[PDB]
Each structure stands twice: as structure tokens, then as C-alpha cells.
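Below: the structure, in C-alpha cells.
Proteins come first, then strands; the chains are lettered A, B, ... in the order of their sequence lines, and each starts at number 1.
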Amino acid sequence: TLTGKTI
Amino acid sequence: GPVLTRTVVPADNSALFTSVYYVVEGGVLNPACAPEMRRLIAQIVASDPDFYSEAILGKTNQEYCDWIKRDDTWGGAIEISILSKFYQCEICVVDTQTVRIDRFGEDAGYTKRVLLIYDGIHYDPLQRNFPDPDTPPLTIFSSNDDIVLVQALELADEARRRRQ
Amino acid sequence: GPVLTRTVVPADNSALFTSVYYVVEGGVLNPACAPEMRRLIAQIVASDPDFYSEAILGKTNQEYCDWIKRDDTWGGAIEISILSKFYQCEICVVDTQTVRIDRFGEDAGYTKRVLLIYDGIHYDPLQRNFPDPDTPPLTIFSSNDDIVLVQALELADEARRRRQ
Amino acid sequence: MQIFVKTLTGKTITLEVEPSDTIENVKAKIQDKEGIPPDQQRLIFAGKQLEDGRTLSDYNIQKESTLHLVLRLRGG
Amino acid sequence: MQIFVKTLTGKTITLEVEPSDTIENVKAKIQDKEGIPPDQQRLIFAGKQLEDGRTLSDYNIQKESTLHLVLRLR
Ligand SMILES: [Mg+2]
């Protein structure tokens with residue numbers, strides 16, 4: 001992922 | 001075979017557009033595509049008022065064009081049918097909520113096909129990965145590739161399986 | 001002089017809720033609060049469909065509620081106006097994009113004030129740190145306390161500069 | 001003439017306009033008065049989000065009309 | 001003399017002033033250029049809140065400055 005957010 | 005791979009796009013109300021963009025452009029993640037794709041859709045809807053009428057729009061032509069260009073409204077079947085013609089390919093949507101595939105552009109004899117996954121609100125693009133990481137994932141498939149339909153529908157069967 | 005300070009919460013799509021929670025609870029970081037805070041939002045949105053109209057939400061009241069309940073959608077002005085009332089305090093968002101402050105609860109005469117810092121993508125909470133070993137940071141300020149707003153504005157300037 | 005803008009933050013902005021004013025110029029007047037950038041403004045009137053190309057008369061906005069403002073502040 | 005003011009709304013302002021102009025008359029000149037009532041406003045310099053009777057002399061501000069206006073809305 002780049003931008004990006006992961007939970 | 002092995003299930004298709006989901007690439008997660010932002011849940012920012014334009015996910016349909018970002019997902020379609022991602023697959024038709026061969027694997028390009030660009031959420032800023034959305035205002036232009038919406039504009040493209042407004043052009044077409046307004047480019048043929050007799051066809052795109054309140055009967056299928058759910059509101060007047062002009063009302064629709066204004067609506068679809070907001071940065072916060074959801075695209076759906078109207079936008080997918082239009083984008084299917086524009087990009088000249090079958091757009092197949094795996095619905096994980098209803099557990100099925102809706103195919104757009106099936107009867108037009110397009111040569112190519114792309115896949116999206118949908119949960120009733122959010123679209124993401126699907127792709128087929130290669131072990132060789134130097135080989136980029138494939139997002140455009142032959143319209144005669146049954147196996148890709150299977151690898152996609154498995155994701156939906158597995159989701160339902162998890163609800164049980 | 002005590003120094004206005006950002007504490008960086010996870011950028012997990014819920015940073016608005018996590019940041020609000022952190023400041024209104026007096027400095028408690030709990031990422032697990034987010035699902036409950038979203039359900040509280042949906043409860044309040046569904047309760048006033050006259051105000052929370054299709055025009056305001058860019059979709060149906062029900063669609064908005066389902067959307068905001070997801071773990072991947074970003075809270076914004078609607079959510080902050082709601083949380084301000086629920087928590088009965090002023091929620092001051094310091095926008096480092098053009099360096100300004102948006103003050104939710106502006107005219108409701110709350111006695112309390114809290115601050116979030118926002119760059120257009122992320123939310124983090126602000127707090128006042130003390131150079132005295134025994135005095136823990138403060139996240140809740142008096143509505144009379146206008147100097148903290150000034151310090152925030154300067155921190156916004158500095159944060160803008162550093163980011164570039 | 002005069003129109004009002006009720007904000008989510010709470011205050012109500014009073015403005016001085018003509019029915020020939022574009023929605024663009026309405027947002028521009030809000031930037032001058034309150035520092036809020038146009039791109040961050042959503043104006044809703046009569047159950048419609050106002051489009052920049054149009055004019056206050058096109059949306060049938062008259063004197064003493066109250067518009068609604070919502071800021072684009074999504075983050076996470 | 002002539003000075004600067006910064007609003008929380010992101011605006012840098014300039015104003016025409018003299019060392020004997022009180023803050024209240026500086027708190028009224030804002031009504032002239034921006035129309036904001038005196039009782040709604042607060043001015044701040046060097047981290048200090050500026051009472052009405054007092055003057056810009058003894059607040060030690062003259063030139064090349066910056067300032068902050070903050071609103072007590074009601
Ligand atoms: Mg068939």
C-alpha cells in the first residue's frame with residue numbers, strides 16, 4: 001500500500 | 001483455480017470510478033481520476049437526452065448530470081453501462097452481498113472483460129496476480145475466459161460461507 | 001511556557017473518531033472506540049432525516065448511516081458537528097492546508113473546548129504539555145481560553161512549513 | 001440584496017449579493033469574509049447543492065433566503 | 001504607525017494606527033474595516049489579552065508586527 005491507509 | 005486478488009481503493013464515495021479506472025488502465029491506482037470520469041458521464045448523459053431520460057435516471061437529465069458530478073454521490077448501474085461502452089469492454093461485477101456476477105456489455109461482443117467486486121456499497125478492482133513479482137498483475141481478460149469468472153465468484157461464495 | 005503538541009494516532013481511516021475521543025476523554029488513546037462512535041453517528045443521522053437530507057448527505061439517510069458505520073470511511077464536518085453536541089464541547093479543527101480554524105459548537109455556549117489538527121488527509125489530537133514532571137498533558141480547555149487558539153494557529157503555520 | 005449562510009460550525013454569515021451573482025462569486029465572497037477556500041465549500045439550497053456556473057436567480061434564491069454551508073473536512 | 005492582524009480565519013490584515021490609539025478604538029476600527037462588534041472580539045499580543053482602557057504604547061507594539069484577533073461570538 002502507498003497512500004495508503006490500512007486497518 | 002486460486003481466487004482473484006482484490007486491490008483496495010478508498011471508500012471516498014468514488015470507489016466505482018477508481019475501480020473501473022484501475023482495471024481498464026491495466027492496474028493504475030489513481031483516485032484523482034474521479035472528477036473527470038464523473039464529468040465524462042455527465043457529458044454522455046447530457047449528450048443524448050432522449051436516451052438518458054428521467055425514466056432510467058430516476059430524476060431529470062440536468063438534475064442527474066449535476067448530481068453525478070458531486071464528489072460525494074455514488075455511481076451505479078447507469079455509470080457502469082456507460083463506462084462499459086466507453087472503454088469497450090465487458091464489466092463484470094462480483095456482488096458479495098447477493099452472491100452473483102452482474103455482467104455489463106455481455107450482448108455487445110466486446111473482446112475484453114474486466115472484473116470488480118462489490119459489497120452493496122463499496123467497489124474494489126479485482127486482478128489476477130503472478131508469482132514473478134516483476135510480472136505485473138493482469139486486470140484485463142479475454143471475454144472467453146471462463147476461469148476468471150470462477151476465480152472471482154469464489155470470493156463471493158467464500159464471503160457467504162463466512163456469514164454462516 | 002507550556003507547548004501545544006500533536007500526538008500521532010494511527011492512520012487507519014478512523015483517525016477523526018480516535019482523535020475526538022482522545023481529546024474529550026482527557027487524553028486517552030483507544031482505537032477500538034471508532035466502531036461505537038460511528039454507530040452513535042448513524043443513530044443521530046437516522047433520527048433527523050429532515051436535516052440530514054439527501055442534498056446534505058449526497059445519498060439516502062439510510063445509505064449514509066450504513067456508509068459511516070464502515071471501518072474504512074472518513075469522518076468529516078457532519079460527524080464533527082454531531083460529536084460536538086453529543087460531548088457538549090467546542091471542537092476546533094485546525095486546518096494546516098491554508099492555516100485556519102473551523103470551530104464546531106461556535107455559538108452553543110459550551111464551557112469546554114478541544115483541538116484537532118488536520119492536514120486534509122489525517123486527523124490527530126492536540127494537547128498542552130507541561131515542563132513539570134508531575135503535570136500531565138491537558139486536552140480540554142476553557143471556552144474563555146482564546147490563547148490556545150492562537151498557539152494552535154502558529155502550530156498550524158509551523159506544521160505547514162515542516163510538511164513542505 | 002441580503003442572504004444568509006447557516007454553517008455546520010454554528011454561526012450565520014450575512015452576505016450582500018445581487019441575483020445576477022454567480023455561485024462562484026458567492027463562494028468568493030465567503031473566502032473574502034471568512035477565509036474559507038471555495039473548493040472546501042458546499043452550498044445547499046432548497047434541497048440542491050448549488051453549482052458554480054449558475055446564478056442566484058437560476059436557483060430562485062431571493063432576499064432573506066438562507067443558504068446552508070458544509071465544509072469538506074474529511075480525514076482519517 | 002501601521003500594523004498587522006491575523007484572524008483565526010486565515011487572513012492577514014493591515015491597519016492604520018498611532019501609539020495613543022486605545023485598544024477600544026483599535027477594537028472599533030475593526031468594525032470599520034470588517035464590521036465585527038467590540039464585545040465579540042479579543043486582541044492578543046506576546047501571549048497577552050488586551051483590556052479596553054489600556055493603550056498600544058504600554059503594550060509595546062509599534063511596527064513590523066503581527067497580531068491576533070479572536071471572536072467571543074454571541
Ligand atoms: Mg448469461
Side-chain angles (χ1 to χ4, degrees), chain B residues 4-59 61 64-65 67-71 73-128 137-153 155-156, chain C residues 59:
Chain B
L4 290 174
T5 294
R6 169 196 297 258
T7 293
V8 171
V9 299
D12 69 344
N13 295 307
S14 293
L16 172 66
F17 306 108
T18 315
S19 296
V20 171
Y21 193 81
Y22 179 93
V23 292
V24 300
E25 299 306 340
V28 174
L29 182 46
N30 179 22
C33 68
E36 255 175 50
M37 297 185 61
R38 296 167 180 285
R39 277 183 252 147
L40 178 63
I41 271 130
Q43 287 277 352
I44 301 185
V45 171
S47 278
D48 197 2
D50 277 326
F51 190 114
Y52 296 109
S53 70
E54 186 163 15
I56 65 177
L57 295 184
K59 56 187 78 169
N61 192 282
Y64 197 80
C65 295
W67 176 260
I68 199 56
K69 281 177 303 171
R70 295 171 51 145
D71 64 12
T73 58
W74 292 346
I78 297 281
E79 290 63 36
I80 296 160
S81 75
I82 285 172
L83 298 165
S84 175
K85 286 183 266 294
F86 185 82
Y87 288 112
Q88 302 278 282
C89 61
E90 209 187 7
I91 298 181
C92 299
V93 184
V94 176
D95 192 328
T96 58
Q97 191 178 57
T98 63
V99 199
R100 57 168 186 245
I101 296 170
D102 309 313
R103 311 191 200 188
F104 294 82
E106 186 183 35
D107 291 310
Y110 293 128
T111 201
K112 47 191 198 291
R113 140 185 308 160
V114 294
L115 291 100
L116 313 173
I117 192 156
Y118 177 65
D119 64 5
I121 295 177
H122 187 67
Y123 292 95
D124 286 310
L126 297 185
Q127 64 199 36
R128 174 188 287 159
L138 197 63
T139 67
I140 309 180
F141 305 89
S142 158
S143 56
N144 300 315
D145 183 344
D146 290 339
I147 296 156
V148 77
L149 295 183
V150 168
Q151 305 179 279
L153 190 57
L155 283 158
Chain C
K59 52 185 74 61

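The minimum heavy-atom distance between B:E79 and B:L16, with the atom names listed, is CB-CD2, 4.0 Å. Across C:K59 and B:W67, no two heavy atoms sit closer than the pair N-CH2, 3.8 Å. B:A15 and B:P10 make their closest contact through CB-O, 3.6 Å (heavy atoms, listed as atom of the first residue, atom of the second, distance).
Contact annotation: the side chain of B:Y87 never approaches that of B:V114 to less than 4.5 Å [non-hydrogen atoms, C-beta and beyond]. In this structure the side chain of B:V23 never reaches within 4.5 angstrom of the side chain of B:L115, judged on heavy atoms. Counting heavy atoms from C-beta outward, B:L116 and B:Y22 have side chains that stay 4.5 Å or more apart. The shortest side-chain heavy-atom distance between B:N61 and B:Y52 falls under the 4.5 Å cut-off. Side-chain contact between B:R113 and B:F104 is absent, with no heavy-atom pair separated by less than 4.5 Å. Between B:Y123 and B:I80 the shortest side-chain heavy-atom distance falls below 4.5 Å. Between B:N13 and B:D71, the closest side-chain pair of non-hydrogen atoms is not below 4.5 Å. Contact check for B:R128 versus B:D145: side-chain heavy atoms found under the 4.5 Å cut-off.
Distance check, rounded to the nearest 0.5 Å: CD1 of B:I41 to NZ of B:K69 gives 11.5 Å. The line from CZ of B:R100 to CG of B:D95 is 5.5 Å long, rounded to the nearest 0.5 Å. Atoms SG and CG, on B:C65 and B:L57 in that order, are 7.5 Å from each other to the nearest 0.5 Å. Separating the CG atom in B:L40 from the CG atom in B:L83 is a distance of 6.5 Å, to the nearest 0.5 Å. Of the inter-residue distances, the one linking B:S143 atom OG with B:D146 atom CG reads 10.5 Å to the nearest 0.5 angstrom. Between B:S19 atom OG and B:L29 atom CG the span is 9.0 Å, to the nearest 0.5 Å.
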Point to revise | Verdict with reasoning, B:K85 to B:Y110, per side chain to side chain contact (heavy atoms under 4.5 Å, CB included) | key: CA-CA 9 Å; B:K85 286 183 266 294; B:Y110 293 128; 3.6 Å; yes
Practice item. Check the pair B:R103, B:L149 against side chain to side chain contact (heavy atoms under 4.5 Å, CB included), reporting the backbone distance first and the verdict last. Key: CA-CA 10 Å; B:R103 311 191 200 188; B:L149 295 183; 3.5 Å; yes
Check your understanding: Step by step, would you call B:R6 with B:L155 a side chain to side chain contact (heavy atoms under 4.5 Å, CB included)?
Key -> CA-CA 9 Å; B:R6 169 196 297 258; B:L155 283 158; 5.7 Å; no
Practice item. Decide side chain to side chain contact (heavy atoms under 4.5 Å, CB included) for B:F86 and B:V24; before the verdict, give the C-alpha distance in whole Å, the side-chain angles of both, and the deciding distance to 0.1 Å. Key: CA-CA 10 Å; B:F86 185 82; B:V24 300; over 6 Å; no
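Enclosure of atom CD1 in B:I147 is not indicated, since only 12 or fewer non-hydrogen atoms of other residues, nucleotides or ligands lie within 6.0 angstrom. Within a 6.0 Å sphere centred on CD of B:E106, heavy atoms belonging to other residues, nucleotides or ligands number more than 12. Within 6.0 Å of atom CD in B:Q88, more than 12 heavy atoms from other residues, nucleotides or ligands are found, so the atom counts as buried in its surroundings.
The residue from B:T139, B:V94, B:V148, B:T5 that alone fulfils the side chain to side chain contact (heavy atoms under 4.5 Å, CB included) condition with B:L126 is B:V94.
In this structure a side-chain-to-backbone donor-acceptor pair under 3.5 Å is present from B:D124 to B:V9. Using a distance-only test at 3.5 Å, with no hydrogens or angles considered, a donor-acceptor pair links the side chain of B:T96 to the main chain of B:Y118. A donor-acceptor pair under 3.5 Å links the side-chain atoms of B:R38 to the main chain of B:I68, judged by distance alone.
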